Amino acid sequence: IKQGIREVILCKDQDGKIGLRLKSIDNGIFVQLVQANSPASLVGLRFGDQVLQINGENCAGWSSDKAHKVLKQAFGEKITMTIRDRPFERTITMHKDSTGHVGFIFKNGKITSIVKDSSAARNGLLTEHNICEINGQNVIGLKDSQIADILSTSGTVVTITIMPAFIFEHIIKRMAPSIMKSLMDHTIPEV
């Protein structure tokens, strides 16, 4: 989770897409889905990011619908956004023990218990928090087994980005799980 605000310059693809769904939350606008191989993914928008301005115009108070409308009505040449980095999220760094554990249970993406004397316990991981990213990679909408596999196939150092479930559940509402599993970019970033 980086220092406040950054600007991004987008550019509709050949189909007039940017690869983005937005969600109105507490009178802001937040990123709900970022499509793989899209302008939004290429410029590095993330799930949970706040969109402060579009084309210089403030997003405060908008409906999802208006934000989707605004994106349609826009010369594809150059769209500028002002982004606050995943404001609802935090990142925790952990270390595995000899038996390859961080020290928690989760279910449906949501952490449900911390294990005594684990790295997770020492680092202050919280339950009732949906897992959003592991080592910079978005795992929302994946299955527990696949998240479990990403954790198994990480180095010793695991970095997890987590979001309070109440907020998470409010963000992904009206979003079909399959679309999340399919289209939400789950790739390591590109250089």
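In case it trips you up, residue 1 is the first one in the sequence shown, and so on.
**Message:** Please compare 44-52 with 155-163 and name the stretch with the higher mean C-alpha B-factor in the deposited structure.
**Reply:** Per the deposited B-factors, the answer is 155-163.
**Asked** Would 126-134 or 66-74 have the larger average of its C-alpha temperature factors, as given in the entry?
**Response** Higher mean C-alpha B-factor: 66-74.
**Message:** Test of reading the entry: by CA B factor among the chain's modelled residues, which third contains residue 119?
**Reply:** Its C-alpha B-factor belongs to the middle third of this chain's values.
**Prompt:** Thinking about Cα B factors across the chain, which third does residue 148 belong to?
**Reply:** Middle third.
**Message:** Quick check for you: using the entry's CA B-factors within this chain, is residue 91 in the lowest, middle or highest third?
**Reply:** As the PDB entry reports it, the C-alpha B-factor of residue 91 lands in the lowest third of its chain.
**Request:** Would you mind ranking residue 101 by its C-alpha B-factor against the rest of the chain and naming the third, lowest, middle or highest?
**Result:** Its C-alpha B-factor, which the entry lists for residue 101, ranks in the highest third among residues of this chain.
**Asked** In terms of the chain's CA B-factor thirds, is residue 183 lowest, middle or highest?
**Response** It falls in the top third of the chain.
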